[PDB]
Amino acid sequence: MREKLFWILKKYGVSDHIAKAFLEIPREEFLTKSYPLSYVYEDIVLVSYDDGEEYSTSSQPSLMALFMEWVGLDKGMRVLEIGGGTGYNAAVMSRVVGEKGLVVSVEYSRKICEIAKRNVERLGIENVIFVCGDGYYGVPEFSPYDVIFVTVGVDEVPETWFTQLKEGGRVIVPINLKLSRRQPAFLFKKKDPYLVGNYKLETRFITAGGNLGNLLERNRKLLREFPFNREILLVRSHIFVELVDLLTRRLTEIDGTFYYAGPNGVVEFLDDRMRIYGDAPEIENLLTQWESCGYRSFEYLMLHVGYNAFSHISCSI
């Protein structure tokens, strides 16, 4: 029953206003497959749709509640959810933001998105708008948003989301760190022209398709030919490459060699060494900042992701 889930969330430290949201939405109405109710209200992930071709899951309730607590989701806010699925999380967040708030959710699968629209209608929810398409583009018509809530692993936070986010808005997002076979989730706050934030924990969301899952491939198109400049010894190169992936969103690879596709140069990353073609002073700056921060991995650094500005690292503690 919903009561047990509500209680379990309270035990997790989830506040009353967010926990109450989970008490008001019947999770079973979002599952296309029948499960015993005792299973429906367990704090676990549930397959919500599976036809052999397409698949979707309802996320672990406590993780979603934590995400909501972390971004400070509350009454009257406007949220852009990426990876709506059959709609359960969107429905829960709709109760959190209340009647004056709004939830816009994007689902890439046409079939799954249509099922979500139906579920929203069946439950009589009037403040949840589902959009069927690639979350990469966001939904500018209903921006600005207070929060960008991502429930699918994405290669990057596209500039679209940044532009659609209010100054001071938050982004909770699981990033596909494919080069390390990991999915770290981060919490960012917008302070134009940056998203400033920190790593939170490892997550297990479905990996995104479309333009939210082909960044390496897309960035190959950004590569240009530049004359060789110089080489620089690089310690813990893999750790730095992870940081370039997260901070620049311009990392790509050709034949297994990773390259930063810069606007004025290309940086080829090798085993504890990097070759610079053209100019990439922004990469030299990240390296200096990283060195000043003890060469620690991304989990222990404050990230300043620039939009129409280069990125930087800080570790003031």
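Note that residue numbering begins at 1 and tracks the sequence as displayed.
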**Report entry** Entry-level comparison of average CA B-factors, 83-91 and 225-233, reporting the higher stretch
**Finding:** 225-233
Query raised in the report: For the stretches 150-158 and 113-121, which has the higher mean C-alpha B-factor as given in the deposited record?
Result: 113-121
Query raised in the report: Out of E69, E282, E253, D271, which shows the largest CA B-factor listed in the entry?
Result: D271
Query - Third of the chain's Cα B-factor distribution that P26 belongs to, per the entry - result: middle
Requested in this report: Determine, from the deposited record, the chain-internal third of the Cα B-factor for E99: lowest, middle or highest.
Outcome: highest
Query raised in the report: Ranked by Cα temperature factor within the chain, is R78 in the lowest third, the middle third or the highest third?
Result: middle
Query raised in the report: Within this chain, which third does the Cα B-factor at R181 fall in: lowest, middle or highest?
Result: highest
Report task. Comparing against every modelled residue in the chain, figure out the third that the C-alpha B-factor of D134 lands in (lowest, middle or highest). Result -> lowest
